[PDB]
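What follows is a set of notes on a single structure, which appears directly below.
Positions of Cβ are backbone-derived with ideal geometry, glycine not excepted, and every protein chain shown enters the neighbour counts. Each answer follows from the model by the rule given with it, or from the source it names; nothing here is a laboratory result.
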Ligand SMILES: O=C(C1CCN(c2ccncc2)CC1)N1CCN(S(=O)(=O)c2ccc3cc(Cl)ccc3c2)CC1
Ligand SMILES: [Ca+2]
């Protein structure tokens with residue numbers, strides 16, 4: 001997260017770290033045994049880490065669980081990042097508590113102008129790379145699809161939504177991928193892509209979660 005702030009310890013209880021020897025992506029706990037992330041964060045073996053604040057220091061609230069089933073959206077296109085959503089079934093259910101809690105699926109698509117919360121342990125620099133130890137937070141609004149499409153001519157699909165600032169300075173970045181953008185207690189987006197980090201007129205684009213509520217529920221039920 002570029003231009004964000006350090007989240008209060010365990011204030012984003014649904015945030016998880018996808019670890020494969022190191023943190024490489026984020027995700028959201030949607031129920032005691034399922035995590036939603038980005039298809040582009042796929043790996044054959046993943047250890048999901050919950051109750052994290054400092055990813056490099058044991059603080060006493062962590063629960064490390066291995067992924068049992070990693071299911072990318074069937075129509076994920078690695079070239080356009082369309083349908084960039086993935087579901088992970090944990091090998092065993094986690095203990096839900098204050099620092100480890102679930103986030104709700106969207107009941108409807110949030111209107112542009114809605115203020116949302118983005119979080120992650122991704123790169124904090126607009127140029128270069130700096131991986132933070134502590135979970136970062138960013139308060140950003142959903143942008144009008146018109147401004148989104150205008151920023152990325154021909155690249156924005158109906159399954160994508162821009163969140164951020166047209167002036168730059170604040171944005172998601174590498175390592176935040178798969179992470180959540182929660183608006184009013186509901187998961188409205190998933191960190192997906194951008195051509196840089198925190199650049200003017202180049203807001204980050206996220207997977208529009210409201211378009212997959214059905215697929216999510218179905219896949220969960222059938223697995
Ligand atoms: O420009 C790119 C790719 C991004 C993926 N890509 C397309 C091209 C067309 N349509 C969809 C995706 C081709 C160019 N990258 C540079 C930035 N990196 S990144 O710094 O690791 C990154 C990763 C995720 C991000 C997510 C957000 Cl929401 C904002 C910036 C982000 C930046 C990703 C690859
Ligand atoms: Ca820790």
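If I ask for residues that are farther than 22 Å from residue 18 by Cα and touching a helix residue (DSSP H, G or I) at 6+ places or on another chain (Cβ under 6 Å), which ones from the stretch 162-193 would you list?
The answer is 162, and nothing else.
List the residue pairs whose Cβ atoms are under 7 Å apart, where the first residue sits in the stretch 48-64 and is closer than 14 Å to residue 121 by Cβ, the second is part of a loop (DSSP other than H, G, I, E, B) and within 16 Å of ligand 1 (Cβ to nearest atom), and the two are 6 or more positions apart or on different chains.
55/121
Right, residue 31: over 18 Å from residue 137 (Cβ atoms) and touching a residue at least 24 places away in the same chain (Cβ under 8 Å) or not?
In short, yes.
Filter the stretch 179-209 for residues that are at positive phi and more than 9 Å from ligand 1 (Cβ to nearest atom); which is surrounded by the fewest Cβ atoms within 10 Å (Cβ to Cβ)?
Here the answer is 185.
The conditions are (1) touching a strand residue (DSSP E or B) at 6+ places or on another chain (Cβ under 9 Å); (2) surrounded by fewer than 22 Cβ atoms within 10 Å (Cβ to Cβ); (3) under 14 Å from residue 2 (Cβ atoms), and residue 127 fails exactly one of them. Which is it?
Going through (1) touching a strand residue (DSSP E or B) at 6+ places or on another chain (Cβ under 9 Å); (2) surrounded by fewer than 22 Cβ atoms within 10 Å (Cβ to Cβ); (3) under 14 Å from residue 2 (Cβ atoms) one by one, residue 127 breaks only (1).
State which residue is surrounded by the most Cβ atoms within 10 Å (Cβ to Cβ) when the search covers only the stretch 44-69 and only residues that are near ligand 2 (Cβ under 6 Å from one of its atoms) and within 10 Å of residue 100 (Cα to Cα).
52
Report, by residue number, each residue of the stretch 133-178 that is free of Cβ contacts under 8 Å to residues at least 24 places away in the same chain and either within 11 Å of ligand 1 (Cβ to nearest atom) or part of a loop (DSSP other than H, G, I, E, B) (or both).
153, 154 - these are the residues of the stretch 133-178 that are free of Cβ contacts under 8 Å to residues at least 24 places away in the same chain and either within 11 Å of ligand 1 (Cβ to nearest atom) or part of a loop (DSSP other than H, G, I, E, B) (or both).
Quick one: residue 48 ticks every box in (1) in the same structural domain as residue 136 (by CATH); (2) in contact with a strand residue (DSSP E or B) (Cβ under 6 Å, 6 or more places away or on another chain) bar one, so which box is it?
Looking at each condition in turn, residue 48 falls short on (1).
Return yes when residue 19 is without any contact (Cβ under 8 Å) to a residue 60 or more places away in the chain, under 18 Å from residue 119 (Cβ atoms), within 16 Å of ligand 2 (Cβ to nearest atom) and not assigned by CATH to the domain that holds residue 161 and no when it is not.
The answer is yes for residue 19.
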